[PDB]
Amino acid sequence: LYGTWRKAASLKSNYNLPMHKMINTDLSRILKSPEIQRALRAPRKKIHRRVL
Amino acid sequence: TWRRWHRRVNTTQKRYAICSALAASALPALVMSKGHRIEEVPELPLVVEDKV
Amino acid sequence: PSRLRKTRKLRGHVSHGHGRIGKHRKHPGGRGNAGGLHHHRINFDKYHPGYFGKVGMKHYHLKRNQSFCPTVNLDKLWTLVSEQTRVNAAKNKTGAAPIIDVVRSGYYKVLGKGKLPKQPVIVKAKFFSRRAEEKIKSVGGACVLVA
Amino acid sequence: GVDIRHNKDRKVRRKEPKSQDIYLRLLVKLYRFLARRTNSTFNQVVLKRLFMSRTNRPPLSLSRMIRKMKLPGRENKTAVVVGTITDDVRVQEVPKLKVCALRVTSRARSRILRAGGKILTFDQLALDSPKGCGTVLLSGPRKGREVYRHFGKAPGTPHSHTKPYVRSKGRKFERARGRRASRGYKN
Amino acid sequence: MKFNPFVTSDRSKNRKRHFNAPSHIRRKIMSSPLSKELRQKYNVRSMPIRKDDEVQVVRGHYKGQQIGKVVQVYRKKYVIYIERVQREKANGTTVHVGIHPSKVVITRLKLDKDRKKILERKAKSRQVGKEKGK
Amino acid sequence: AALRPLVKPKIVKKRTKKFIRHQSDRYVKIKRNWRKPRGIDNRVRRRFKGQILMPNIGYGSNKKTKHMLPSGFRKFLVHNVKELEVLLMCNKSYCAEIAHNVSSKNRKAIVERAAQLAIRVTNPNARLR
Amino acid sequence: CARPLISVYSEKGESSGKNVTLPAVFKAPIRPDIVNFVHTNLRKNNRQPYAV
Amino acid sequence: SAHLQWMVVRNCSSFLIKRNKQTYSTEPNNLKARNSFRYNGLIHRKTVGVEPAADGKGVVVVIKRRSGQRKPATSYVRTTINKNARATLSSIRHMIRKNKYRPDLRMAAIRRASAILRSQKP
RNA sequence: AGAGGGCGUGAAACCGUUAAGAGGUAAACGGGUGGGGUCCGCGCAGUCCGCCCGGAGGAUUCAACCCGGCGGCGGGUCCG
RNA sequence: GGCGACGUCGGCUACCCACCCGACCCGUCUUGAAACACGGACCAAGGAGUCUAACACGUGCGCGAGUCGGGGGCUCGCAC
Ligand SMILES: [Mg+2]
Ligand SMILES: [Mg+2]
Ligand SMILES: [Mg+2]
Ligand SMILES: [Mg+2]
Ligand SMILES: [Mg+2]
Ligand SMILES: [Mg+2]
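Residues numbered from 1 in each chain as written, not as in the entry; some residues may be left out. Chains lettered and ligands numbered in written order. Part of a larger assembly, values for the part shown. Heavy atoms only, no water.

Looking up chain F in the PDB entry gives the name 60S ribosomal protein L32, with the organism given as Homo sapiens. This entry's official PDB title is "Structure of human ribosome nascent chain complex selectively stalled by a drug-like small molecule (USO1-RNC)". Database annotation for chain F, UniProt heading Subcellular location: "Cytoplasm". Its UniProt record, at the heading Sequence similarities, says of chain F: "Belongs to the eukaryotic ribosomal protein eL32 family." (UniProt positions renumbered as here; feature names shortened; annotations may be inferred.)

The name given to chain D in the PDB entry is 60S ribosomal protein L18, and the organism recorded there is Homo sapiens. The UniProt entry for chain D carries the following comment under Subunit (literature references left out): "Component of the large ribosomal subunit." Quoted verbatim from the Sequence similarities heading of the UniProt record, the comment on chain D is "Belongs to the eukaryotic ribosomal protein eL18 family."

Below is the structure:
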């Protein structure tokens, strides 16, 4: 009645189900991937507050 | 009384919203965070047999 | 949505967004297209040039069906049939050219627009342009006419 | 007072999309990590293109892409477009190129996948090339709309070529004086 | 839930049909339940109250096991008067305070030829409700 | 002080004087609620001296000291037990209020749940017998 | 695509031997901005014109 | 999908209190009652929660099973712990960090457990 | 009856009264302190609270270690 | 480091009063209003940029060389 993504809906004449804008949607796994973190700089983790 | 009371939505958006309305009723977090106390229930797309 | 609009944000200010001096009254310039030659002239040239006068022949009771001909030019010419035809068309079977009649697709005239591919055709239309027939006669195709 | 002049304080670009798409908002969060952290300028171009409007994201047809990838050097790169890939009827056969885009249309991704190519989203682009190495990022004709041929000097100035707003094309609709030297003048 | 599209569900039109009621509808709407002894002997739930029923009051200021007959049924004020529950005025004359018949339980019906025919018809129409369970 | 709330600073406030509407003294049709004067000639908008001040963002209070009560907490008004328990990990920073509709029976119970959890209630002895 | 199996529960609460595959509706894009856009617009087709 | 379930519930949900100030999340399974992305007990594969014991003697520790989501009758496995006020505070921190089961929110599991045990002391 | 026959609630303008304060530059207001007053909070030279350690006696039982035992975490031939 | 109990300590608002300094009455048209320019004795409730059509441009969403059922039609006789 809504069809999978291989085959269209049968009881609805010209409808197939809407595609995704993101495939992998858990980006806590993407940003911890070795492909990503091979490429990053380093965190810059001082504060450098105002100096009198 | 000739105010435009009634609104059109083109039907691929009606079917877009009805696939997004069914797919969130399978995630236990979204259906419990709408308030439905679904703690003790088993498997989230509940299917009882056709004898019901 | 009366919430999201300008008059809520403009409520409390005296002149309501229309000026202390000009003080929007009813119809300061005339109603409608008034002054189209006289005091709105600078607007009617520079934005509507040509707007005043006779230009042509009067034609009483034209009927918008006698002059009816939709056009398909040669780039869109192959989508009238299957893509299953032209891949079947070129598989070494002789020069057997498929038919494409635009009149059962709802078109009458075949115009020119470049890159007609290398296969021979026969094209059934009510009308043709001469650029279009010499694209078709250049790929070895034919150009058969129908009433 | 100082006299350092006004209007230099404010810039009028976009810092987040105005969309409420929760799938575009996670693509934003992925790339504004990568923009401020990996030091490659591909990820700054793609990040500010995700912020852009729908008019600033024009559709890119199937034969602008494969005409812009018959060039020498582009033989094994991937095509990025932030926006849709429609398909041309004009093109007859499709090469096996690798594309990457928001929202490829249905008939286009039947022709890319028959050709043997691979379609990607911006997730699995980021896993593939985080620096954006070996990508050809394309755009559609953003001044190809029907609106931009109405803009210019004026339709009634000398050599305007501006296409005025008439309600219906035909005889006696904005064609009489100012448009021919017999009736009045010609601009 | 109401399905019949010819009968009301608004507040304002059901009140207006209540206080402007005809006096033969008004005896129907002033009905009272039978006692638990007596609804088993007649297998009928409730009855429209008349002039010499023995009756006791089940809620209110005057309540609790005080069988005593009605004496006057105001339909216009939706009120029965019972011979025992009264009220002394400031004058010292005693008057009947009036109570609504929904708050009141018949303990002995007054049978006549018609109160046989009303009970028998209200009781016969319950066995067909039992005969539907097949 | 029944309870002590972590670090309480010196609460400075820039003004303690409750901005009033112009001409609110002279009439009683005019409430004292602030409405900024948009007349073309008046001397409050044009900001002469010795007259009624008009609020601007410079009078804003310090961000680390904003919404601080004089006791050092910040109020969070509740209605029952089930939303008193949400303030359990905030009890040295925030304080509870009982809303003005909560009956004297239930108000008696949600202050005894407050004393077990050691959360400051600002109005513990309200609507007693 | 990941389409798991879902047990059909009997009338007495426990499972049965029937296990239906999750149809592809439940892996659609979740879009609460379209569902807001549709439910705003289709609840307005529901109303009598004003007592003008 | 810990993030897209977050971007529905972020605002615009039940279990969400906003009064005059701070926002609260009042979840069944949430240590520190903030509506944080970490501190949400519906949206994660792994969650930690410490409710008081039913009688008023101890702490229960609900954790998420991970053996199957989408099936919430058996999604939670809970342990009542009734020990002597630092070995129940040490027992629930071995349950966090001897496992790799969210080293995040380790102190928030023991700030909550310590402040819920002295809710029981008289 | 603080619901007493145009009687639910009973605002303001206005007026009576009592209380307090004051009064030849008409009153009113801004800013700054002061004096009185109503009232609150603390409770009144009686205020700190929880952390660890060493002191002083008391009162109980686990921990460490092992065994029984169910339940979860993570890795593995992807073995079924 | 020092100081203080049953009347004292602290506190502030739409409390009242005092004093020094500053201070003409609002709205409005206007080059210019405190104006010997007009409106306003006072209070309460009411009270003024709406809705429909057309168009332009920006923006958001669906599909995308296409798009669109609005007009009808079908679905057991269904509160919504
Ligand atoms: Mg203005
Ligand atoms: Mg304006
Ligand atoms: Mg004007
Ligand atoms: Mg009605
Ligand atoms: Mg001026
Ligand atoms: Mg003036």
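Following the criterion strictly, the structure yields 0 disulfides over all chains and no others. For C:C69, which is in no disulfide, the shortest distance to another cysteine sulfur is to C:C143 and amounts to 15 Å. (Disulfide = S-S within 2.5 Å.)

In the case of a regular strand, side chains alternate between the two sheet surfaces. All names here are of chain D. Side chains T78 and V80 of strand β1 (residues 78–81) all project onto a buried face; the interleaved residues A79 and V81 project onto the opposite face, where all are buried too. Bridge count between β1 and strand β2 (residues 98–101): 4 bridges; the pairing is parallel. Looking at β2, one finds that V81 is bridged to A101. Two strands pair when backbone bridges link them, and β1 and strand β4 (residues 135–137) are joined in this way by 3 bridges, in the parallel orientation. Paired with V80 across the bridge in β4 is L137. (Buried < 20%, exposed > 50% of the residue type's maximum accessible area, 1.4 Å probe, protein only. Helix = DSSP H or I, 4+ residues; strand = E, 2+ residues; numbered from the N terminus. Pairing = 2+ DSSP bridges.)

A few words now on the packing of helix α1 (residues 24–37) of chain D against helix α2 (residues 42–50) of chain D. Any two packed helices are characterised by the angle at which their axes cross and by the distance between the axes. All names here are of chain D. Relative orientation of the contacting elements α1 and α2 amounts to 150°, with a least axis distance of 9 Å. The pairing of α1 with α2 is recorded here as roughly antiparallel in orientation. Crossing angle aside, the handedness with which α1 passes α2 is left-handed. Residues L24, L27, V28, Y31, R32, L34 and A35 of α1 touch α2, and the partners they reach there are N43, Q44, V46, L47 and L50. Looking at the contact of α1 with α2 residue by residue, the classes come out as 9 nonpolar, 2 polar and 1 charged. (Axes fitted to C-alpha atoms, helices over the stretch in contact; angles between N-to-C directions. Parallel < 35°, antiparallel > 145°, perpendicular 65-115°, else oblique. Left-handed = near helix turned anticlockwise from the far one by under 90°. Contact = heavy atoms within 4.5 Å. Nonpolar A, V, L, I, M, F, W, Y, C, P; charged D, E, K, R; others polar.)

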